[PDB]
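This is data.csv (CSV, C-alpha atoms and all ligand atoms).
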chain,number,residue,atom,x,y,z
A,442,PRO,CA,118.4,61.8,105.7
A,443,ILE,CA,114.6,61.5,105.1
A,444,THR,CA,112.5,63.0,102.3
A,445,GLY,CA,108.9,63.8,103.0
A,446,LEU,CA,106.0,63.5,100.5
A,447,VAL,CA,102.5,64.8,100.9
A,448,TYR,CA,99.7,63.8,98.6
A,449,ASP,CA,96.0,63.4,99.2
A,450,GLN,CA,93.4,62.2,96.7
A,451,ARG,CA,90.8,64.6,98.2
A,452,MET,CA,92.5,67.4,96.3
A,453,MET,CA,91.2,65.9,93.0
A,454,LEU,CA,87.6,66.9,94.0
A,455,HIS,CA,88.1,70.5,92.8
A,456,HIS,CA,86.8,70.4,89.2
A,457,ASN,CA,85.5,72.5,86.3
A,458,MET,CA,81.8,71.8,85.9
A,459,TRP,CA,81.4,73.7,82.5
A,460,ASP,CA,84.7,72.5,80.9
A,461,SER,CA,85.6,69.1,82.2
A,462,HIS,CA,88.7,69.0,79.9
A,463,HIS,CA,90.1,72.2,81.3
A,464,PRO,CA,93.9,71.6,81.7
A,465,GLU,CA,94.0,72.1,85.5
A,466,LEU,CA,92.7,68.5,85.8
A,467,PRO,CA,92.1,66.5,89.0
A,468,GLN,CA,94.4,63.8,87.5
A,469,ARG,CA,97.4,66.2,87.5
A,470,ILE,CA,98.1,65.1,91.1
A,471,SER,CA,97.1,61.5,90.8
A,472,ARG,CA,99.3,61.1,87.8
A,473,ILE,CA,102.4,62.5,89.5
A,474,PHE,CA,101.7,60.3,92.6
A,475,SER,CA,101.3,57.2,90.4
A,476,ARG,CA,104.6,58.0,88.6
A,477,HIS,CA,106.2,58.0,92.1
A,478,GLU,CA,104.7,54.6,92.8
A,479,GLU,CA,105.8,53.0,89.6
A,480,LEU,CA,109.3,54.4,89.9
A,481,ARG,CA,109.4,53.0,93.5
A,482,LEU,CA,110.1,56.5,94.8
A,483,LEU,CA,107.1,56.7,97.1
A,484,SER,CA,108.3,53.8,99.3
A,485,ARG,CA,111.6,55.7,99.8
A,486,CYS,CA,109.8,58.8,101.3
A,487,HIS,CA,108.2,59.5,104.6
A,488,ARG,CA,104.5,60.1,104.0
A,489,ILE,CA,103.4,63.4,105.5
A,490,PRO,CA,99.7,63.7,106.1
A,491,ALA,CA,97.6,66.4,104.5
A,492,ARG,CA,95.5,68.7,106.7
A,493,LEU,CA,93.1,71.6,106.2
A,494,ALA,CA,94.6,75.0,106.7
A,495,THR,CA,92.7,77.1,109.2
A,496,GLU,CA,91.1,80.5,108.4
A,497,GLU,CA,93.6,82.0,110.9
A,498,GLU,CA,96.5,80.6,108.8
A,499,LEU,CA,94.9,81.9,105.6
A,500,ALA,CA,94.9,85.4,107.2
A,501,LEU,CA,98.7,85.3,107.2
A,502,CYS,CA,98.5,86.5,103.6
A,503,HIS,CA,94.8,87.0,102.7
A,504,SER,CA,92.1,89.5,103.5
A,505,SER,CA,89.0,88.5,105.5
A,506,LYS,CA,86.8,89.5,102.5
A,507,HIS,CA,88.7,87.1,100.2
A,508,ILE,CA,88.7,84.3,102.7
A,509,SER,CA,85.0,84.6,103.4
A,510,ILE,CA,83.9,84.7,99.7
A,511,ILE,CA,85.9,81.6,98.7
A,512,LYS,CA,84.8,79.9,101.9
A,513,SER,CA,81.1,80.6,101.0
A,514,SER,CA,81.6,78.8,97.6
A,515,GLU,CA,81.3,75.5,99.5
A,516,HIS,CA,77.6,76.0,99.8
A,517,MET,CA,77.0,77.9,96.5
A,518,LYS,CA,74.5,77.0,93.8
A,519,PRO,CA,75.9,76.3,90.3
A,520,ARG,CA,74.9,79.7,89.1
A,521,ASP,CA,76.5,81.3,92.1
A,522,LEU,CA,79.7,79.3,91.3
A,523,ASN,CA,79.7,80.3,87.7
A,524,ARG,CA,79.2,84.0,88.3
A,525,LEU,CA,81.7,84.1,91.1
A,526,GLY,CA,84.4,82.4,89.1
A,527,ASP,CA,83.8,84.8,86.2
A,528,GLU,CA,84.5,87.7,88.5
A,529,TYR,CA,88.2,86.6,88.5
A,530,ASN,CA,90.8,86.3,85.8
A,531,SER,CA,90.8,82.6,84.8
A,532,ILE,CA,89.1,80.8,87.7
A,533,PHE,CA,86.6,77.9,87.9
A,534,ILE,CA,85.0,77.0,91.2
A,535,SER,CA,83.1,73.9,92.4
A,536,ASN,CA,81.6,73.1,95.8
A,537,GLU,CA,84.9,71.3,96.7
A,538,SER,CA,87.3,74.0,95.6
A,539,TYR,CA,87.6,75.7,99.0
A,540,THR,CA,88.4,72.5,100.9
A,541,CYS,CA,90.9,71.5,98.2
A,542,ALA,CA,92.7,74.9,98.5
A,543,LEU,CA,92.7,74.4,102.3
A,544,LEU,CA,94.2,70.9,101.9
A,545,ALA,CA,96.9,72.2,99.4
A,546,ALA,CA,98.0,74.9,101.9
A,547,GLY,CA,97.8,72.7,105.0
A,548,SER,CA,99.7,69.9,103.3
A,549,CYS,CA,102.6,72.4,102.7
A,550,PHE,CA,102.4,73.6,106.3
A,551,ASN,CA,102.8,70.1,107.6
A,552,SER,CA,105.7,69.6,105.2
A,553,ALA,CA,107.4,72.9,106.2
A,554,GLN,CA,106.9,72.0,109.9
A,555,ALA,CA,108.4,68.5,109.3
A,556,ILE,CA,111.5,70.2,107.7
A,557,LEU,CA,111.9,72.9,110.3
A,558,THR,CA,111.5,70.5,113.2
A,559,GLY,CA,114.2,68.2,111.7
A,560,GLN,CA,111.9,65.2,111.1
A,561,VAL,CA,112.7,65.3,107.3
A,562,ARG,CA,115.5,67.0,105.5
A,563,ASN,CA,113.4,68.0,102.5
A,564,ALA,CA,110.0,67.3,101.1
A,565,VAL,CA,107.7,67.3,98.0
A,566,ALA,CA,104.1,68.5,98.0
A,567,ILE,CA,101.8,67.1,95.2
A,568,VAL,CA,98.9,69.5,95.6
A,569,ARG,CA,96.2,71.3,93.7
A,570,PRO,CA,94.7,73.9,93.0
A,571,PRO,CA,97.9,75.9,92.6
A,572,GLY,CA,98.7,79.1,94.5
A,573,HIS,CA,101.2,81.5,93.0
A,574,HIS,CA,98.8,83.7,91.1
A,575,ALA,CA,96.5,84.2,94.2
A,576,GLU,CA,96.7,87.7,95.6
A,577,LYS,CA,96.0,89.0,99.2
A,578,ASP,CA,92.5,90.0,98.1
A,579,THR,CA,91.6,88.0,95.0
A,580,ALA,CA,91.8,84.7,93.2
A,581,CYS,CA,93.5,84.5,89.9
A,582,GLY,CA,94.9,82.0,87.3
A,583,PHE,CA,93.5,78.8,88.7
A,584,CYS,CA,94.7,79.8,92.2
A,585,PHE,CA,92.5,80.6,95.3
A,586,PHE,CA,95.1,81.0,98.1
A,587,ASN,CA,98.8,81.5,97.7
A,588,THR,CA,100.1,78.2,99.1
A,589,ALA,CA,103.8,79.1,98.8
A,590,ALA,CA,103.4,82.5,100.3
A,591,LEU,CA,101.3,81.1,103.1
A,592,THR,CA,103.9,78.4,103.8
A,593,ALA,CA,106.6,81.0,104.0
A,594,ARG,CA,104.6,83.0,106.6
A,595,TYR,CA,103.6,79.8,108.4
A,596,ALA,CA,107.3,78.8,108.6
A,597,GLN,CA,108.1,82.2,110.2
A,598,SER,CA,105.1,81.8,112.6
A,599,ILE,CA,106.6,78.5,114.0
A,600,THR,CA,110.2,79.7,114.1
A,601,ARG,CA,110.9,83.4,114.1
A,602,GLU,CA,109.2,86.3,112.2
A,603,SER,CA,112.5,87.1,110.4
A,604,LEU,CA,113.3,83.6,109.2
A,605,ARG,CA,114.9,83.9,105.8
A,606,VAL,CA,112.7,82.1,103.2
A,607,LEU,CA,113.8,81.9,99.6
A,608,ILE,CA,111.0,81.2,97.1
A,609,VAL,CA,112.2,80.1,93.7
A,610,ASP,CA,109.3,80.1,91.2
A,611,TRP,CA,110.2,78.1,88.1
A,612,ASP,CA,106.6,77.8,86.9
A,613,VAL,CA,106.6,79.2,83.4
A,614,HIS,CA,104.3,82.0,84.5
A,615,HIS,CA,105.2,84.9,86.8
A,616,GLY,CA,103.9,84.4,90.3
A,617,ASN,CA,102.2,87.8,90.5
A,618,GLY,CA,100.6,87.0,93.8
A,619,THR,CA,103.8,85.9,95.5
A,620,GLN,CA,105.7,89.0,94.2
A,621,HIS,CA,103.0,91.3,95.5
A,622,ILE,CA,102.6,89.5,98.9
A,623,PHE,CA,106.3,90.0,99.6
A,624,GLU,CA,107.1,93.1,97.6
A,625,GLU,CA,107.9,95.1,100.7
A,626,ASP,CA,109.6,92.2,102.6
A,627,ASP,CA,113.3,91.5,103.0
A,628,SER,CA,112.7,88.3,104.9
A,629,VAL,CA,111.3,86.5,101.9
A,630,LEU,CA,113.4,86.6,98.8
A,631,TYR,CA,111.3,85.9,95.7
A,632,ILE,CA,113.0,84.8,92.5
A,633,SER,CA,110.9,84.0,89.5
A,634,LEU,CA,111.8,82.8,86.0
A,635,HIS,CA,109.0,83.2,83.5
A,636,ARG,CA,108.0,83.6,79.9
A,637,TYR,CA,107.3,87.3,79.6
A,638,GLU,CA,107.3,88.3,75.9
A,639,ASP,CA,107.3,92.1,76.8
A,640,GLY,CA,104.2,91.6,79.0
A,641,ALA,CA,102.1,89.6,76.4
A,642,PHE,CA,102.3,86.3,78.2
A,643,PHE,CA,99.9,85.4,81.1
A,644,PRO,CA,99.4,87.0,83.6
A,645,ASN,CA,99.9,89.8,81.1
A,646,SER,CA,101.5,92.4,83.4
A,647,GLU,CA,104.7,94.5,83.3
A,648,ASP,CA,105.0,93.7,87.1
A,649,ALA,CA,106.9,90.7,85.8
A,650,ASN,CA,109.8,92.6,84.2
A,651,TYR,CA,113.3,92.6,85.5
A,652,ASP,CA,113.2,96.2,86.8
A,653,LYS,CA,110.8,95.3,89.6
A,654,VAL,CA,113.4,94.7,92.3
A,655,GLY,CA,111.1,95.2,95.4
A,656,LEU,CA,109.7,98.1,97.3
A,657,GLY,CA,110.6,99.8,100.5
A,658,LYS,CA,112.4,97.4,102.9
A,659,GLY,CA,112.1,94.8,100.2
A,660,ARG,CA,114.2,96.6,97.6
A,661,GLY,CA,116.6,94.0,96.1
A,662,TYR,CA,114.5,91.1,97.4
A,663,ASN,CA,112.4,90.6,94.3
A,664,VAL,CA,114.2,89.0,91.3
A,665,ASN,CA,112.3,88.7,88.0
A,666,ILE,CA,114.0,86.8,85.2
A,667,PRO,CA,111.8,87.4,82.2
A,668,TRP,CA,112.2,85.5,78.9
A,669,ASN,CA,111.5,87.0,75.6
A,670,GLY,CA,111.5,85.7,72.0
A,671,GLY,CA,112.7,82.1,72.3
A,672,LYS,CA,111.6,78.6,73.2
A,673,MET,CA,113.7,78.5,76.3
A,674,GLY,CA,115.0,75.2,77.8
A,675,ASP,CA,117.7,73.6,79.8
A,676,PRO,CA,120.6,75.8,78.6
A,677,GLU,CA,118.8,79.0,79.5
A,678,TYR,CA,117.6,77.9,82.9
A,679,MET,CA,121.0,76.5,83.8
A,680,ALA,CA,122.6,79.8,82.7
A,681,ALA,CA,120.1,81.8,84.8
A,682,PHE,CA,120.8,79.6,87.8
A,683,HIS,CA,124.6,80.0,87.4
A,684,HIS,CA,124.6,83.7,86.9
A,685,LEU,CA,121.6,84.9,89.0
A,686,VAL,CA,119.6,82.4,91.1
A,687,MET,CA,122.4,80.7,92.9
A,688,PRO,CA,124.8,83.6,93.5
A,689,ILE,CA,121.9,85.7,94.9
A,690,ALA,CA,120.5,82.8,96.9
A,691,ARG,CA,123.9,82.1,98.4
A,692,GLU,CA,124.3,85.7,99.5
A,693,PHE,CA,120.8,85.8,101.0
A,694,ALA,CA,121.6,82.6,102.9
A,695,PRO,CA,118.1,81.2,103.2
A,696,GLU,CA,117.1,79.1,106.2
A,697,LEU,CA,114.3,77.5,104.2
A,698,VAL,CA,113.8,77.1,100.4
A,699,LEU,CA,110.4,76.8,98.9
A,700,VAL,CA,110.1,75.9,95.2
A,701,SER,CA,107.0,77.1,93.4
A,702,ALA,CA,107.5,74.2,91.1
A,703,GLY,CA,105.1,74.5,88.2
A,704,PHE,CA,106.1,72.1,85.4
A,705,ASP,CA,104.6,74.1,82.5
A,706,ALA,CA,108.0,75.2,81.2
A,707,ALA,CA,108.4,71.5,80.4
A,708,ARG,CA,108.9,70.0,77.0
A,709,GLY,CA,105.4,68.9,75.8
A,710,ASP,CA,103.4,71.4,77.9
A,711,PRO,CA,100.3,72.5,75.9
A,712,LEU,CA,100.5,76.1,77.2
A,713,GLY,CA,104.0,77.1,78.2
A,714,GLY,CA,105.8,76.6,74.8
A,715,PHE,CA,109.2,75.8,76.5
A,716,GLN,CA,111.3,72.8,76.5
A,717,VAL,CA,112.9,72.2,79.9
A,718,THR,CA,113.5,68.5,80.3
A,719,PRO,CA,113.0,66.3,83.4
A,720,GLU,CA,116.8,66.1,83.7
A,721,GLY,CA,116.9,69.9,83.6
A,722,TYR,CA,114.4,70.1,86.5
A,723,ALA,CA,116.6,67.5,88.3
A,724,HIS,CA,119.6,69.7,87.9
A,725,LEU,CA,117.7,72.8,89.1
A,726,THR,CA,116.6,70.8,92.2
A,727,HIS,CA,120.1,69.5,92.8
A,728,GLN,CA,121.5,73.0,92.9
A,729,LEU,CA,118.9,74.3,95.3
A,730,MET,CA,119.6,71.5,97.8
A,731,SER,CA,123.0,73.1,98.3
A,732,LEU,CA,121.2,76.0,100.1
A,733,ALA,CA,119.6,76.2,103.6
A,734,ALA,CA,121.4,73.1,104.8
A,735,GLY,CA,119.3,71.1,102.3
A,736,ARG,CA,115.9,72.4,103.7
A,737,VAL,CA,114.0,72.4,100.4
A,738,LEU,CA,110.2,72.0,99.9
A,739,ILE,CA,109.0,71.5,96.4
A,740,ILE,CA,105.4,72.7,95.9
A,741,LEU,CA,103.4,71.8,92.7
A,742,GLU,CA,102.1,74.8,90.9
A,743,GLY,CA,101.1,74.6,87.2
A,744,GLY,CA,102.1,72.2,84.5
A,745,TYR,CA,99.5,70.6,82.2
A,746,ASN,CA,101.1,67.7,80.2
A,747,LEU,CA,100.3,64.8,82.5
A,748,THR,CA,103.2,62.8,81.3
A,749,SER,CA,105.6,65.7,81.4
A,750,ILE,CA,104.7,66.8,84.9
A,751,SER,CA,104.8,63.3,86.2
A,752,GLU,CA,108.3,62.6,84.8
A,753,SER,CA,109.5,66.0,85.8
A,754,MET,CA,108.3,66.2,89.4
A,755,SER,CA,109.4,62.5,90.0
A,756,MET,CA,112.9,63.4,88.9
A,757,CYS,CA,113.0,66.3,91.4
A,758,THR,CA,112.0,63.9,94.2
A,759,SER,CA,114.7,61.5,93.1
A,760,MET,CA,117.1,64.4,93.6
A,761,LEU,CA,115.8,65.2,97.0
A,762,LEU,CA,116.3,61.5,97.9
A,763,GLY,CA,120.0,61.9,97.1
A,764,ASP,CA,120.2,60.2,93.7
A,765,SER,CA,122.9,61.3,91.4
A,766,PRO,CA,121.9,64.0,88.8
A,767,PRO,CA,121.4,62.5,85.3
A,768,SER,CA,123.3,63.8,82.3
A,769,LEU,CA,122.0,66.7,80.2
A,770,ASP,CA,121.8,67.1,76.4
A,773,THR,CA,122.8,73.5,72.6
A,774,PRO,CA,124.1,77.1,72.5
A,775,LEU,CA,122.4,79.7,74.8
A,776,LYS,CA,119.8,81.6,72.9
A,777,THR,CA,121.1,85.2,72.6
A,778,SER,CA,117.9,86.7,73.9
A,779,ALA,CA,118.3,84.7,77.1
A,780,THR,CA,121.7,86.2,77.6
A,781,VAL,CA,120.1,89.6,77.1
A,782,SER,CA,117.6,88.8,79.8
A,783,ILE,CA,120.3,87.6,82.2
A,784,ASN,CA,122.3,90.7,81.5
A,785,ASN,CA,119.3,93.0,82.2
A,786,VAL,CA,118.7,91.3,85.6
A,787,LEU,CA,122.4,91.4,86.5
A,788,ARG,CA,122.4,95.2,85.9
A,789,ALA,CA,119.3,95.6,88.0
A,790,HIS,CA,120.4,93.6,90.9
A,791,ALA,CA,124.2,94.2,91.1
A,792,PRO,CA,123.5,97.2,93.3
A,793,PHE,CA,121.9,94.9,95.9
A,794,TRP,CA,124.0,91.7,95.7
A,795,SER,CA,127.8,92.1,95.8
A,796,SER,CA,128.1,88.5,94.3
A,797,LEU,CA,126.9,89.9,91.0
B,801,LIG,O1,99.5,77.6,84.7
B,801,LIG,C1,99.1,78.7,84.8
B,801,LIG,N1,99.8,79.6,85.8
B,801,LIG,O2,100.8,79.0,86.7
B,801,LIG,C2,98.1,79.3,83.9
B,801,LIG,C3,98.2,79.0,82.5
B,801,LIG,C4,97.2,79.5,81.6
B,801,LIG,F1,97.3,79.2,80.3
B,801,LIG,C5,96.2,80.4,82.0
B,801,LIG,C6,96.2,80.7,83.4
B,801,LIG,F2,95.2,81.6,83.8
B,801,LIG,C7,97.1,80.2,84.3
B,801,LIG,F3,97.0,80.5,85.6
B,802,K,K,107.8,81.7,87.6
B,803,K,K,110.5,90.1,98.7
B,804,ZN,ZN,102.0,78.3,85.2
Can the structure in the file be given as structure tokens, please?
Ligand SMILES: O=C(NO)c1cc(F)cc(F)c1F
Ligand SMILES: [K+]
Ligand SMILES: [K+]
Ligand SMILES: [Zn+2]
Amino acid sequence: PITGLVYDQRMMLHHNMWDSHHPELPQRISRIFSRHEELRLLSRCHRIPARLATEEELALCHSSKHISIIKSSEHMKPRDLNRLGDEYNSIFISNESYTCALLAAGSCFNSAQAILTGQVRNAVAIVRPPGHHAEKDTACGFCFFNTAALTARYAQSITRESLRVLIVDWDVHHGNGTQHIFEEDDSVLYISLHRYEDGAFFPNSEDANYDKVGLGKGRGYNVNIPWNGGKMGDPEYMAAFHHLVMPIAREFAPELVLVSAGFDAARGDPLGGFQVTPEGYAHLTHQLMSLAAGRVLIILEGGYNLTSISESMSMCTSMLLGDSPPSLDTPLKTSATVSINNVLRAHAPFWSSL
């Protein structure tokens, strides 16, 4: 009954040399780690070591051109770094970014391996830069390589190709890269909850709407839960889990659960505009541990209020360690019920539990 934790201070080296107060801060991960220390959660976990992902592992999801150009940024001059970052949507790059992205991915591989070999029951990965916006062939939205997508494919590579991986993405933004990587795949069920606002919210694409249910063999294996017109919080997320996430996940019967766990839907986030509480994230975590025989890996994505993400992620780890869920605090916003209803209608053909 062991919970793994991976954290390495080397991932703070990735930094924004033109805007040192950019919200994707090095101290995002040191703050979460520190909160684990001062809550005495760290000593209750088995520390899993970080490692660099290999280029061969990156190729599980990414093109050689993309891998090579990000790789080359390690030796780039400042002007090269500025111009390259400006080729992408919302990217900054420093000479340490490539290594930090490799460490984030390899940290999650070691954690998935420890779960799948039975050395830990579940695990938490306190990593940066994030991953879920990264596409096969491009960087995007503070993300270089798609850590969660790579971990899913790594998990299949050390078990069997068809290993059923559920990815729950509760970052407030749609994981466009993760959706696209698995859009034709029925072995990786992608479920995202996200602020959508009829396509106006970052990453600003109608790919995030509820009618994108997957393509080809993957039809039914892509579940978008888009929020419109409301400061969503614990009632809405709990409702979406009761009506959609958990029924669908149970029917899928994952053998491994990855959480793309951004904490930018948290109360206090400067960007998300939502009000999920730490106790809400604890309840979402507690529900997911009823799947996959408890084999859950929580991977840090976004989240920009250092206090909010530290409280929120620490509460998730508390839940992985087996602590009892804390009590919650409001009527469902009607527009949330509309969203849940749209998804139900779109996915009832694919999931008899709906
Ligand atoms: O946190 C984010 N995504 O998970 C994010 C937030 C923003 F405000 C702008 C971006 F480009 C992002 F990628
Ligand atoms: K999401
Ligand atoms: K899929
Ligand atoms: Zn985000």
Shell of 8 Å around segment 733-735 of chain A, all atoms listed in the file, local chain residues under 2 positions omitted, as an NGL selection string: :A and (562-563 or 694-698 or 729-731 or 737)
Those residues you just picked out, can you put them in a file as a tab-separated table (two decimals), in the frame of the given file with C-alpha atoms?
chain	number	residue	atom	x	y	z
A	562	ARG	CA	115.50	67.00	105.50
A	563	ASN	CA	113.40	68.00	102.50
A	694	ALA	CA	121.60	82.60	102.90
A	695	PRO	CA	118.10	81.20	103.20
A	696	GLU	CA	117.10	79.10	106.20
A	697	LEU	CA	114.30	77.50	104.20
A	698	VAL	CA	113.80	77.10	100.40
A	729	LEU	CA	118.90	74.30	95.30
A	730	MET	CA	119.60	71.50	97.80
A	731	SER	CA	123.00	73.10	98.30
A	737	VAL	CA	114.00	72.40	100.40
Shell around residue 639 of chain A at 10 Å using all atoms listed in the file, local window under 4 positions removed, as a list in words: residues 645, 646, 647, 649, 650, 667, 668, 669 and 670 of chain A
All residues having an atom within 9 Å of ligand ZN 804 (chain B) (all atoms listed in the file) as JSON, numbers by chain: {"A": [571, 573, 574, 582, 611, 612, 613, 614, 615, 616, 635, 643, 703, 704, 705, 706, 712, 713, 742, 743, 744, 745]}
One-decimal distance in Å that lies between atom CA of residue 654 of chain A and atom CA of residue 779 of chain A: 18.8 Å
Closest of A:609, A:761, A:680, A:473 to residue 784 of chain A - atom-to-atom distances counting all atoms listed in the file: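 That would be A:680, the residue with the smallest distance to residue 784 of chain A.
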Between atom CA of residue 497 of chain A and atom CA of residue 622 of chain A, distance in Å (one decimal):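 Computing the Euclidean distance for atom CA of residue 497 of chain A and atom CA of residue 622 of chain A yields 16.8 Å.
The space between atom CA of residue 751 of chain A and atom CA of residue 642 of chain A spans 24.5 Å.
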Who sits within 10 Å of residue 558 of chain A, all atoms listed in the file, same chain under 4 positions skipped, as a list in words: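 Contacts, with the query itself left out: residues 552, 553, 554, 562, 599 and 600 of chain A.
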Could those selected residues go to a file with C-alpha atoms, as a PDB file, keeping the file's coordinate frame?
ATOM      1  CA  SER A 552     105.700  69.600 105.200  1.00  0.00           C
ATOM      2  CA  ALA A 553     107.400  72.900 106.200  1.00  0.00           C
ATOM      3  CA  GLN A 554     106.900  72.000 109.900  1.00  0.00           C
ATOM      4  CA  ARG A 562     115.500  67.000 105.500  1.00  0.00           C
ATOM      5  CA  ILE A 599     106.600  78.500 114.000  1.00  0.00           C
ATOM      6  CA  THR A 600     110.200  79.700 114.100  1.00  0.00           C
TER       7      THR A 600
END
Top pick for closest residue to residue 481 of chain A, considering A:796, A:748, A:758, A:505 and counting only C-alpha atoms: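 Closest candidate: A:758.
Considering only C-alpha atoms and all ligand atoms, every residue of the polymer chains approaching ligand K 803 (chain B) to 10 Å or closer is listed here: residues 606, 607, 608, 619, 620, 621, 622, 623, 624, 625, 626, 627, 628, 629, 630, 631, 632, 654, 655, 656, 657, 658, 659, 660, 661, 662, 663 and 664 of chain A.
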Residue 515 of chain A environment, 9 Å, only C-alpha atoms, sequence neighbours closer than 5 positions dropped, as a count of residues only: 6
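With all atoms listed in the file as the atoms that count, the minimum distance from ligand K 802 (chain B) to the choices A:633, A:504, A:457, A:778 is reached by A:633.
Counting only C-alpha atoms, the residue from A:496, A:720, A:478, A:449 that sits nearest to residue 549 of chain A is A:449.
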Proximity to ligand LIG 801 (chain B) - best of A:714, A:676, A:766, A:709, all atoms listed in the file: A:714
Residue nearest residue 788 of chain A - candidates A:636, A:750, A:503, A:666, atoms counted: all atoms listed in the file: A:666
Radius query 8 Å about (89.6, 88.4, 87.7), atoms used: all atoms listed in the file, as a PyMOL selection string: chain A and resi 527-532+579-581
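Residues surrounding residue 551 of chain A within 9 Å are residues 447, 489, 490, 491, 492, 546, 547, 555 and 556 of chain A [all atoms listed in the file; sequence separation below 4 positions excluded].
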Hey, could you pull the box centre and edge lengths for ligand LIG 801 (chain B), axis-aligned, 8 Å padding per side, all listed atoms, to one decimal in Å, as AutoDock Vina command-line options?
--center_x 98.0 --center_y 79.6 --center_z 83.5 --size_x 21.6 --size_y 20.0 --size_z 22.4
